[PDB]
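Just one chain follows, in the form deposited in one PDB entry, and it is written as structure tokens.
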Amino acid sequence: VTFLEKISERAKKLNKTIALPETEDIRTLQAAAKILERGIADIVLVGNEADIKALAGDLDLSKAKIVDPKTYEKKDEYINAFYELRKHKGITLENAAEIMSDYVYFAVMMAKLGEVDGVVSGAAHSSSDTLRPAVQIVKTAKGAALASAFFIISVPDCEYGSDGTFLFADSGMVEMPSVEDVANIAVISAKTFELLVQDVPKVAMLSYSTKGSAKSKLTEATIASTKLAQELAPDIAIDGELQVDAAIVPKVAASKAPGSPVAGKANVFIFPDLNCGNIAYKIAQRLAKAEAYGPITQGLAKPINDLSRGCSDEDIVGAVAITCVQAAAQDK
């Protein structure tokens, strides 16, 4: 019944391998044990194997694979690769070697080169410390997408959305997205929504204006983002410049935005910027009592996810499941 339960189950039927670089935190090892036992994924622990066996104790980690960044066969391939990416930003080959000794950095490079389908981390690292290797190493830029954070949001007795479930448009990362940024966030978000919720995405480019009902510089940005996004992905339902009520309430839709592909039915909210996106998600979580999952990152070439530093070991398990399912989209 619960969103997280659909994901974990889906994850088992899939056969993805996720890397866990924080092997000097118990929660990581506790979560791995439960993951391997429950069949959720195959696991690569990045760290010292002697040191892991000594921290693990009673935990059954026999099914996992241990990769030590300072002895692994492909070490030189991984340093060269990071050197190539970072070469023109003041990184020398010897710097790369040093930077590529960090477990997180090494794990992200494993997803980049195919040994692993995604990475989960952040129990024992700042958000920006997690984001940095992701952005530097796994970065994608082939088309209509941009790295961003989103939330899945499940409102309790809710008739709107996909059975009360929505995705929110960068409620946790890109602070001041440009017009293009917003367009691109809208497209990638439709794909994420489709993959994670398994329902037809209906994207609403939010505003205080519904359809020329008001006009300003903020209103023009939203409209311009809508039109660009419609060009970028004409096969997705995207309607633009919509207030929340016109976006999700059929009766409102009927007066303010009659005959729209999205108005009245919206299940994806795209925000003008992080002020709105963060404020909207908090209001939904706290005043609407919604369950919120995030921040989950999207827009990367491989799924790398960040965790709350106060996460529980069950929090890590869930995160692995979601990552595995995002790995389903990015197939081959």
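Numbering starts at 1 and follows the sequence shown. So that the term is clear: the rigid core is the largest set of C-alpha atoms that superpose within 1.5 Å between two forms.
Below: the form deposited in another entry, not depicted.
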Which of 144, 237, 155, 195 is displaced between this form and the one not shown by 2 angstroms or more at its C-alpha, rigid core aligned: 144
Core-aligned C-alpha movement of residue 60 between this form and the one not shown, 2 Å or more: no
Post core alignment: residue 273 C-alpha displaced by 2 Å or more between this form and the one not shown: no
Flag for residue 42, CA shift 2 Å or larger between this form and the one not shown after aligning core: no
Shift in CA distance, residue 304 and residue 141, in the other form relative to the form shown here, given it is 3 Å or more: closer
Outcome for the Cα pair residue 145, residue 262 in the other form, compared with this form (closer or farther; change of 3 Å or more): farther
